[PDB]
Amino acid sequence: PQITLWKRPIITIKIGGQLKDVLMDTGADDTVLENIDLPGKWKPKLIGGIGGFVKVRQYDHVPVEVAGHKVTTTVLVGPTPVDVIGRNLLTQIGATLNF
């Protein structure tokens, strides 16, 4: 699809078997959600946001389905006001910003 930006660009994806509404965020290097149930171990990651740097959990090789594509990707879990999918995943689905 070609999405205009008058509204927030929210899509529904599947992650670790659960449907989650996520904001498509070109200004985010990474994909981060608050308090989703993902199995297995993780490693600490420090990410920078507008308010400073925040520690999150990093989960690798997570199966996700986005706009019809089934991929595995890195997913961060931590105290974000918005669940976002960032360029790491947007690149996996071939997304572009056009103007």
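Counting begins at 1, following the sequence as shown.
The deposited model assigns a higher average Cα B-factor to 69-77 than to the other stretch when 24-32 and 69-77 are compared. Averaged over Cα atoms, the B-factor as recorded in the entry is higher for 36-44 than for the other of 36-44 and 52-60. Placement of the Cα temperature factor of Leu90 within the chain: lowest third of the modelled residues, per the deposited record. Ranked within its chain, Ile13 lands in the highest third, by CA B factor from the PDB record.
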